[PDB]
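The structure appears below as structure tokens.
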Amino acid sequence: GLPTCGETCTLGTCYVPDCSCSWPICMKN
């Protein structure tokens with residue numbers, strides 16, 4: 001739930017370790 005990944009999975013993929021795609025932004029828990 002925390003978008004502290006600093007990544008946007010516009011395509012639907014987050015390269016940031018353990019970061020879940022919370023389209024369009026990646027969030028960890």
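Labeling convention for the structure tokens: chains A, B, ... as they appear, residues from 1 per chain, ligands from 1 in order of appearance.
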
**Report entry** Residue list (strand (DSSP E or B), DSSP) for chain A, as a ChimeraX atom specification
**Finding:** /A:2,20-22,25-28

Requested in this report: Extract, using only C-alpha atoms, all DNA, RNA and protein residues at most 8 Å from residue 1 (chain A), discarding same-chain residues fewer than 3 positions from it, and format them as a PyMOL selection string.
Outcome: chain A and resi 22+27-29

Could you please take those selected residues and save N, CA and C atoms as an mmCIF file, in the first residue's frame?
data_model
loop_
_atom_site.group_PDB
_atom_site.id
_atom_site.type_symbol
_atom_site.label_atom_id
_atom_site.label_comp_id
_atom_site.auth_asym_id
_atom_site.auth_seq_id
_atom_site.Cartn_x
_atom_site.Cartn_y
_atom_site.Cartn_z
ATOM 1 N N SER A 22 0.643 -1.310 -8.318
ATOM 2 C CA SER A 22 -0.608 -0.718 -7.893
ATOM 3 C C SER A 22 -0.991 0.327 -8.927
ATOM 4 N N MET A 27 3.454 0.043 -5.458
ATOM 5 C CA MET A 27 3.361 0.215 -4.014
ATOM 6 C C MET A 27 3.746 -1.063 -3.279
ATOM 7 N N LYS A 28 4.374 -0.894 -2.133
ATOM 8 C CA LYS A 28 4.770 -2.007 -1.293
ATOM 9 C C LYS A 28 3.869 -2.023 -0.066
ATOM 10 N N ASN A 29 2.921 -2.954 -0.061
ATOM 11 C CA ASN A 29 1.950 -3.087 1.028
ATOM 12 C C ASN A 29 1.106 -1.820 1.142
#

Requested in this report: Please identify all polymer residues within 9 Å of residue 10 (chain A), counting only C-alpha atoms, omitting same-chain residues fewer than 4 positions from it, and present them as a ChimeraX atom specification.
Outcome: /A:21,23-25

**Report entry** Residue contacts of residue 5 (chain A) (7 Å, only C-alpha atoms) excluding same-chain residues fewer than 2 positions away, as a list in words
**Finding:** residues 3, 7, 16, 19, 26, 27 and 28 of chain A

Using C-alpha atoms, can you write the selected residues to a file as a PDB file, in the first residue's frame?
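Saved to result-v3.pdb:
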ATOM      1  CA  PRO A   3       4.066   3.886  -2.894  1.00  0.00           C
ATOM      2  CA  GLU A   7       8.147   3.456  -9.821  1.00  0.00           C
ATOM      3  CA  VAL A  16      11.733  -2.485  -7.789  1.00  0.00           C
ATOM      4  CA  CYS A  19       7.238  -3.764  -5.075  1.00  0.00           C
ATOM      5  CA  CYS A  26       4.065   0.657  -7.728  1.00  0.00           C
ATOM      6  CA  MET A  27       3.361   0.215  -4.014  1.00  0.00           C
ATOM      7  CA  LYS A  28       4.770  -2.007  -1.293  1.00  0.00           C
TER       8      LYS A  28
END
